[PDB]
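**Q** In my numbering, the protein residues as written are 103 to 243. The C-beta atom is built at its ideal place from N, Cα and C for all residues, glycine as well.
#1: Please state whether DSSP places residue 193 in a helix, a strand or coil.
#2: For residue 204 versus residue 169, is the C-beta spacing smaller than 8 Å?
#3: Is the segment 159-174 touching the segment 142-149 in the sense that three or more CB pairs, one from each, lie closer than 8 Å?
#4: Would you mind working out which of 187, 143 and 226 sits nearest residue 206, comparing C-alpha positions?
#5: Where residue 230 and residue 121 are concerned, what is the direct C-alpha to C-alpha distance, given to the nearest angstrom?
#6: Here's a check: name, in chain order, each residue in its chain whose Cβ is nearer than 8 Å to the Cβ of residue 135, leaving out the five neighbours to either side.
#7: Looking only at C-alpha atoms, which of 243, 237 and 242 sits nearest to residue 109?
#8: Cβ atoms of residue 189 and residue 225: under 8 Å apart, would you say?
See the structure below:
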């Protein structure tokens with residue numbers, strides 16, 4: 103049954119991050135500034151959000167940022183480096199960033215995610231981007 107017509111609004115917020123690949127070292131640089139407008143899960147209004155990097159399609163080697171408890175607008179400002187991937191390739195890939203809240207009771211509650219082809223972004227130099235964590239889907243029930 104090929105069906106699916108939904109259009110509900112939600113306050114997932116937006117994620118900020120910088121993109122820039124180096125030629126010499128032939129490595130990728132993904133700096134996750136921070137998050138804002140992140141939804142809560144606990145009664146009081148606290149949650150442990152965390153970004154997850156993925157070089158789609160390939161999902162073998164993946165990276166992620168630390169986890170901040172009771173923090174909806176935490177600042178990661180972390181710097182990662184993916185070695186072993188030539189520009190000519192890294193471009194054919196796509197930058198995947200998902201901000202989920204590490205919870206105990208629930209397995210994993212994905213708030214939102216973002217997809218951006220490294221081929222479109224001027225990897226020639228560091229470039230920032232502001233996207234609104236798309237609705238990765240609610241919690242099945």
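**A** According to the data block:
#1: Position 91 of the chain shown, counted from the start, is the residue given in the question as residue 193. In the three-state DSSP reduction, residue 193 falls in the coil class, being neither helix nor strand.
#2: Translated into the one-based positions of the chain shown, residue 204 becomes position 102. Translated into the one-based positions of the chain shown, residue 169 becomes position 67. It is a contact, given that the beta carbons lie within the stated cut-off.
#3: Between the segment 142-149 and the segment 159-174, the count of Cβ pairs shorter than 8 Å is three or higher; the stretches touch.
#4: On the chain shown, position 104 is the one that residue 206 refers to. Per the Cα distances, 143.
#5: On the chain shown, residue 230 is found 128 positions in, with the first residue counted as 1. On the chain shown, residue 121 is found 19 positions in, with the first residue counted as 1. In this structure, the straight-line span from the alpha carbon of residue 230 to that of residue 121 is close to 6 Å.
#6: Residue mapping note: residue 135 aligns to position 33 of the chain shown, counting from 1. By the criterion of a C-beta distance shorter than 8 Å, residue 135 is surrounded in its chain by 118, 119, 120, 177, 178, 179 and 230, once the five residues flanking it on both sides are discounted.
#7: Stepping through the chain shown from its first residue, residue 109 is reached at position 7. That would be 237, whose Cα lies nearest to the Cα of residue 109.
#8: For the purposes of this step, residue 225 is taken as residue 123 along the chain shown, with counting starting at 1. For the purposes of this step, residue 189 is taken as residue 87 along the chain shown, with counting starting at 1. Contact: yes.
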